[PDB]
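S.K.: Here you go, one structure.
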Amino acid sequence: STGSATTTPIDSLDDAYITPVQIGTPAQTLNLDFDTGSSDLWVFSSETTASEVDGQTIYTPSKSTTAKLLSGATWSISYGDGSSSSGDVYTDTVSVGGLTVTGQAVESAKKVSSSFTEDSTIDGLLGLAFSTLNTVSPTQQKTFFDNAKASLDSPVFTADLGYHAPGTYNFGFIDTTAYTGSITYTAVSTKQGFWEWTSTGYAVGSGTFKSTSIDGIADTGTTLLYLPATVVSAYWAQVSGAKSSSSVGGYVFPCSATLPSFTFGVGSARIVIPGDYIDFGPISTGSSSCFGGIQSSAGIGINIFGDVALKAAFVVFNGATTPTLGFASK
């Protein structure tokens, strides 16, 4: 089997992407944030504290004839931006882009933090990291991909995120029309539960390539590109007036700037992030200070190839017995 679904930016900045997901019988369609940096499929639901719901579409398990309470199971998760959610668990039928999994753990939120409430466009998350990170207790649950894998034509999914435009998540096949040139595959460590790999270096604008190993994770659920402070300083040094602002929480730059590209290495191959992808717009409405899309990972504890980087590529998440990651230009 295969599946194919369109993923759409939630706003004009590509702050996140939502993909429609069918849950239950009859189908309830929710727009979920597909997140290769976590491993829980959780949703706003009829059980979510009322004051914490503001415009999201909810899953109502009592209206699904295939929903069953997973007795005794609970979940609780915290994310890198300080947000969190928790609740109980149902199993139900879940379909993405025509690919159906029966008995998928659907984690129903009883509580969500303010940032989730405040974002009316995201109805929940669909985790696509390794199932070892799933938070359900006392019996850990598998991701949608893990459950689907054995049925797929090939044990893969691909992310093809758009810049200020829709893109595609495919399951079970590689669309050879969706990229240019060849796909370069690189080793993955699953030791931390992530799609963790090592980039071979970087270049700023038309500058020379610096060969250096940068360990990080391919994370569709993170907006920006978080890299070592040395790398990030080298980038922003090429933008007149750019500086790190502790009050804003990262590098800012004059909105009048033209940003240089940023290149990262995948083996002997190179992915070029155009400068415009690195502009996240005014820090507050009407400001002429703009927020940068490349930020320091110092104090995160891990480098993160978030959407800024991934949207410049066609990315293969290869879930074969020994997982790997593939990157192509597009």
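Residue numbers start at 1 in each chain; chains themselves are named A, B, ... in the order of the structure tokens; ligands are numbered from 1 in the order shown.
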As an mmCIF file with N, CA and C atoms, in the first residue's frame, please: the residues near residue A:178 (cut-off 9 Å, only C-alpha atoms, same-chain neighbours under 5 positions excluded).
M.R.:
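Final output, saved to selection_26.cif:
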data_model
loop_
_atom_site.group_PDB
_atom_site.id
_atom_site.type_symbol
_atom_site.label_atom_id
_atom_site.label_comp_id
_atom_site.auth_asym_id
_atom_site.auth_seq_id
_atom_site.Cartn_x
_atom_site.Cartn_y
_atom_site.Cartn_z
ATOM 1 N N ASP A 160 8.212 16.599 1.545
ATOM 2 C CA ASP A 160 8.473 17.551 0.472
ATOM 3 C C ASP A 160 7.718 18.828 0.835
ATOM 4 N N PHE A 314 13.981 17.465 -0.978
ATOM 5 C CA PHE A 314 13.102 16.307 -0.942
ATOM 6 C C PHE A 314 13.784 15.327 0.008
ATOM 7 N N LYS A 330 15.488 20.008 -5.307
ATOM 8 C CA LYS A 330 14.204 19.961 -5.988
ATOM 9 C C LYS A 330 13.877 21.273 -6.653
#
S.K.: Can you list every residue in stretch 50-270 of chain A that DSSP puts in helix (DSSP H, G or I), as a PyMOL selection string?
M.R.: chain A and resi 50-52+61-63+114-118+131-133+144-151+229-236
S.K.: Could you give me the residues within stretch 73-221 of chain A that DSSP places in strand (DSSP E), as a ChimeraX atom specification?
M.R.: /A:73-78,84-96,99-112,124-127,156-160,167-171,184-187,196-204,210-218
S.K.: As a VMD selection string, please: the residues near residue A:294 (cut-off 7 Å, only C-alpha atoms, same-chain neighbours under 5 positions excluded).
M.R.: chain A and resid 224 to 226 232 278
S.K.: Of the residues A:300, A:227, A:96, A:234, which is the one nearest to residue A:172, using only C-alpha atoms?
M.R.: A:96
S.K.: Please measure the separation of atom CA of residue A:98 and atom CA of residue A:4, giving the value in Å to one decimal.
M.R.: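 Answer for the atom CA of residue A:98 to atom CA of residue A:4 separation: 6.8 Å.
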S.K.: Report as JSON, numbers by chain all protein, DNA and RNA residues lying within 7 Å of residue A:136, evaluated on only C-alpha atoms, omitting residues in the same chain fewer than 5 positions from it.
M.R.: {"A": [73, 74, 75, 141]}
S.K.: Write out as a list in words each polymer residue whose atoms come within 7 Å of stretch 10-13 of chain A, counting only C-alpha atoms; drop sequence neighbours fewer than 4 positions from it.
M.R.: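 Within the cut-off, the hits are residues 17, 18, 121, 164 and 280 of chain A.
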S.K.: Find the spatial neighbours of stretch 191-194 of chain A, counting only C-alpha atoms, within a cut-off of 7 Å - ignore same-chain residues fewer than 5 positions away - and output them as a ChimeraX atom specification.
M.R.: /A:37,129-130,132-133,217
S.K.: I want to know what sits within 10 Å of stretch 40-42 of chain A, based on only C-alpha atoms, with residues of the same chain fewer than 6 positions away left out; could you give that as a VMD selection string?
M.R.: chain A and resid 32 to 34 59 75 to 77 85 to 89 104 to 109 123 to 131 133 to 136 140 to 144
S.K.: Find the distance between atom CA of residue A:222 and atom CA of residue A:81 and write it in Å to one decimal.
M.R.: 9.1 Å
S.K.: If you measure from atom CA of residue A:264 to atom CA of residue A:201, what distance in Å do you get, rounded to one decimal?
M.R.: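 So the answer is 5.7 Å.
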S.K.: Kindly indicate which residue among A:287, A:51, A:256, A:95 lies nearest to residue A:20, using only C-alpha atoms for the distances.
M.R.: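 Looking only at the distances to residue A:20, the closest residue turns out to be A:95.
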S.K.: Between A:213, A:1, A:177, A:65, which residue has the minimum interatomic distance to residue A:25, considering only C-alpha atoms?
M.R.: A:65
S.K.: Using only C-alpha atoms, which residue out of A:78, A:329, A:176, A:263 lies closest to residue A:116?
M.R.: A:78
S.K.: For residue A:261, which residue out of A:301, A:207, A:282, A:216 is the nearest one, using only C-alpha atoms?
M.R.: A:207
